[PDB]
């Protein structure tokens, strides 16, 4: 295994950004997940070499931080807030709309590897509850028709 040159240049940019190489670990893992749609198990060793860290340190870091996914490849991560305000304001209606549109429930991936529903803690846009994200974009859920139109932007 070797990282593609387009990803390697971005990883090298993060590594040279902070005064110390190891400080770039989270930015590098965000970059790997953006590129692959998950954290491939084979990417941990070449990243550890680049950060000048032991492989065990990198594996422990990936396991600790909730945003990183080592199991499912997904082009678009639908992060659904399952915390208190969104619960009071309609998380259950958002989940129902997602199942009606995509046919999947939290933790599941569509057969084409396009969407994964990821249940998450408070995204702190609570005044706009129920909240969800589609990769980096964040939205207030209004209704199924509105959600269907938002999801159609992800191709």
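Residue numbers count along the first chain shown, from 1.
Q: So which stretch wins on mean C-alpha B-factor, 138 to 146 or 9 to 17?
A: Result of the comparison: 9 to 17.
Q: Decide which of the stretches 116 to 124 and 38 to 46 has the higher mean C-alpha B-factor, going by the entry.
A: That would be 38 to 46.
Q: Among the choices 53, 67, 86, 95, identify the one whose CA B-factor in the record is greatest.
A: If I rank 53, 67, 86, 95 by C-alpha B-factor, first place goes to 53.
Q: What third of its chain's C-alpha B-factors does residue 75 belong to: lowest, middle or highest?
A: Middle third by C-alpha B-factor.
Q: Using the temperature factors of the C-alpha atoms in this entry, rank residue 130 within its chain: lowest, middle or highest third.
A: It belongs to the lowest third of the chain when residues are ordered by C-alpha B-factor.
Q: Per the entry's values, where does residue 26 land by CA temperature factor relative to the rest of its chain, in the lowest, middle or highest third?
A: As the PDB entry reports it, the C-alpha B-factor of residue 26 lands in the lowest third of its chain.
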